[PDB]
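What follows is the content of protein-v7.cif, which has mmCIF, C-alpha atoms:
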data_query
loop_
_atom_site.label_atom_id
_atom_site.label_comp_id
_atom_site.auth_asym_id
_atom_site.auth_seq_id
_atom_site.Cartn_x
_atom_site.Cartn_y
_atom_site.Cartn_z
CA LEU A 1 9.03 4.65 18.85
CA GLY A 2 12.33 6.61 18.87
CA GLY A 3 15.05 5.73 21.43
CA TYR A 4 13.31 3.23 23.73
CA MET A 5 14.84 -0.19 24.43
CA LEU A 6 13.40 -3.52 25.65
CA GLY A 7 15.04 -5.06 28.74
CA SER A 8 15.71 -8.69 29.74
CA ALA A 9 12.98 -11.16 28.74
CA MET A 10 12.58 -12.24 32.38
CA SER A 11 10.21 -14.60 34.19
CA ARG A 12 6.98 -13.32 35.83
CA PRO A 13 6.79 -11.83 39.35
CA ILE A 14 3.33 -12.18 40.96
CA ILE A 15 1.16 -9.46 42.67
CA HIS A 16 -1.56 -9.91 45.33
CA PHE A 17 -4.64 -7.64 45.32
CA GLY A 18 -7.12 -8.90 47.98
CA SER A 19 -7.25 -12.75 48.05
CA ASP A 20 -5.35 -15.47 46.14
CA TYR A 21 -8.34 -15.49 43.74
CA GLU A 22 -7.40 -12.23 42.06
CA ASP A 23 -3.70 -13.28 42.07
CA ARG A 24 -4.46 -16.71 40.53
CA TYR A 25 -7.14 -15.21 38.25
CA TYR A 26 -4.69 -12.80 36.60
CA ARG A 27 -1.78 -15.27 36.78
CA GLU A 28 -3.47 -18.08 34.81
CA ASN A 29 -5.17 -15.51 32.51
CA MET A 30 -1.57 -14.04 32.09
CA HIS A 31 -1.15 -15.40 28.50
CA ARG A 32 -1.22 -11.91 26.88
CA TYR A 33 0.76 -10.19 29.70
CA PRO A 34 4.43 -9.06 29.32
CA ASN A 35 7.65 -10.20 31.06
CA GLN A 36 10.24 -7.83 29.55
CA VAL A 37 9.36 -4.10 29.70
CA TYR A 38 10.15 -1.03 27.51
CA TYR A 39 12.04 2.06 28.81
CA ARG A 40 14.85 4.51 27.83
CA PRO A 41 18.47 3.26 28.12
CA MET A 42 20.58 4.72 30.95
CA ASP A 43 21.88 8.06 29.83
CA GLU A 44 20.21 10.37 32.43
CA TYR A 45 16.40 9.74 32.12
CA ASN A 46 16.99 6.83 34.57
CA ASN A 47 15.80 7.16 38.14
CA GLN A 48 13.93 5.04 40.67
CA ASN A 49 10.40 6.36 39.99
CA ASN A 50 10.80 8.37 36.74
CA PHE A 51 12.06 5.25 34.93
CA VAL A 52 9.42 2.94 36.55
CA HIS A 53 6.36 5.16 36.08
CA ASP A 54 7.04 5.93 32.39
CA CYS A 55 8.21 2.29 31.83
CA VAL A 56 4.80 1.08 33.05
CA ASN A 57 3.04 3.83 31.02
CA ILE A 58 4.97 2.88 27.84
CA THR A 59 4.83 -0.91 28.23
CA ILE A 60 1.10 -0.84 29.06
CA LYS A 61 0.70 1.50 26.06
CA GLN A 62 2.40 -1.04 23.81
CA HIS A 63 -0.12 -3.57 25.27
CA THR A 64 -3.17 -1.26 24.47
CA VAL A 65 -2.14 0.56 21.23
CA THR A 66 -1.44 -2.74 19.47
CA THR A 67 -4.53 -4.17 21.23
CA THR A 68 -6.81 -1.75 19.33
CA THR A 69 -5.77 -3.54 16.05
CA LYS A 70 -6.62 -7.04 17.40
CA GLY A 71 -10.07 -6.38 18.94
CA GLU A 72 -8.75 -6.92 22.43
CA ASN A 73 -10.82 -6.90 25.63
CA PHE A 74 -8.92 -5.10 28.45
CA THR A 75 -11.11 -3.42 31.09
CA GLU A 76 -9.80 -1.00 33.75
CA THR A 77 -9.40 -3.83 36.30
CA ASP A 78 -7.53 -5.86 33.67
CA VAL A 79 -5.30 -2.84 32.88
CA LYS A 80 -4.66 -2.18 36.62
CA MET A 81 -3.68 -5.88 37.05
CA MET A 82 -1.06 -5.44 34.30
CA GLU A 83 0.11 -1.96 35.46
CA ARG A 84 0.81 -3.52 38.87
CA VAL A 85 2.74 -6.56 37.52
CA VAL A 86 4.67 -4.24 35.14
CA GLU A 87 5.77 -2.00 38.10
CA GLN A 88 7.34 -5.14 39.68
CA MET A 89 9.02 -6.16 36.40
CA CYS A 90 10.47 -2.66 35.82
CA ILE A 91 11.60 -2.24 39.50
CA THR A 92 13.18 -5.70 39.16
CA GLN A 93 14.79 -4.80 35.79
CA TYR A 94 16.35 -1.64 37.24
CA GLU A 95 17.64 -3.70 40.18
CA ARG A 96 19.65 -6.03 37.91
CA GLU A 97 20.83 -2.99 35.92
CA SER A 98 21.73 -1.17 39.20
CA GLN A 99 23.67 -4.16 40.63
CA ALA A 100 25.40 -4.47 37.24
CA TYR A 101 26.38 -0.75 37.20
CA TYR A 102 27.71 -0.84 40.77
CA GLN A 103 29.60 -4.13 40.30
CA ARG A 104 31.67 -2.26 37.66
#
Rewrite the coordinates I just gave you, this time as structure tokens.
Amino acid sequence: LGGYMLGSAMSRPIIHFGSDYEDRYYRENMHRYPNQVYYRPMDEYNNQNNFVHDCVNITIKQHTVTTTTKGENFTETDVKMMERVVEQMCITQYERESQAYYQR
């Protein structure tokens, strides 16, 4: 990796897509899916979007790169379902980190 970190091992936000089917579908099939996410520590690379977008890209990467050495079955819809959930988790993660920084 290099200088990434892994944030708090949180619970699971949920994301709607069109009907509670595709919410419940992904959310029972979750199993695989993350809850903490991977990003750079605060330093300067932090932002709202720059952090989130690369955090998604990296975390989803470490859910595809590894996946290629376990035969895994992740189609574009499956990937999009994660990418979405992972945006929430990283936005959330930054919020706790933001409220922590400001409460100093």
Since I can't run it myself right now, could you work out what the PyMOL selection byres ((chain A and resi 29-37) around 6) selects here and report it as a list in words?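 Written out, the selection comes to residues 6, 7, 8, 9, 10, 11, 12, 26, 27, 28, 38 and 59 of chain A.
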Using C-alpha atoms, can you write the selected residues to a file as a compact mmCIF listing (two decimals), keeping the file's coordinate frame?
# COMPACT_ATOMS: atom_id res chain seq x y z
CA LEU A 6 13.40 -3.52 25.65
CA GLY A 7 15.04 -5.06 28.74
CA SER A 8 15.71 -8.69 29.74
CA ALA A 9 12.98 -11.16 28.74
CA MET A 10 12.58 -12.24 32.38
CA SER A 11 10.21 -14.60 34.19
CA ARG A 12 6.98 -13.32 35.83
CA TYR A 26 -4.69 -12.80 36.60
CA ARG A 27 -1.78 -15.27 36.78
CA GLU A 28 -3.47 -18.08 34.81
CA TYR A 38 10.15 -1.03 27.51
CA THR A 59 4.83 -0.91 28.23
Between CA of residue 18 (chain A) and CA of residue 57 (chain A) lies a distance of 23.5 Å
Compile the contact shell of residue 4 (chain A) as a PDB file with C-alpha atoms, in the coordinates of the input: residues with an atom at most 10 Å away, counting all atoms listed in the file, same-chain residues fewer than 4 positions apart removed.
ATOM      1  CA  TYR A  38      10.150  -1.030  27.510  1.00  0.00           C
ATOM      2  CA  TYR A  39      12.040   2.060  28.810  1.00  0.00           C
ATOM      3  CA  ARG A  40      14.850   4.510  27.830  1.00  0.00           C
ATOM      4  CA  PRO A  41      18.470   3.260  28.120  1.00  0.00           C
ATOM      5  CA  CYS A  55       8.210   2.290  31.830  1.00  0.00           C
ATOM      6  CA  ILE A  58       4.970   2.880  27.840  1.00  0.00           C
TER       7      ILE A  58
END
Pick out the closest residue to residue 97 (chain A) from this set: A:46, A:78, A:14, A:68. Count all atoms listed in the file.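 Nearest candidate to residue 97 (chain A) out of A:46, A:78, A:14, A:68: A:46.
For the atom pair formed by CA of residue 56 (chain A) and CA of residue 20 (chain A), the distance is 23.4 Å, given to one decimal.
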Between A:42, A:73, A:1, A:83, which one has atoms that come closest to residue 60 (chain A), using all atoms listed in the file? A:83
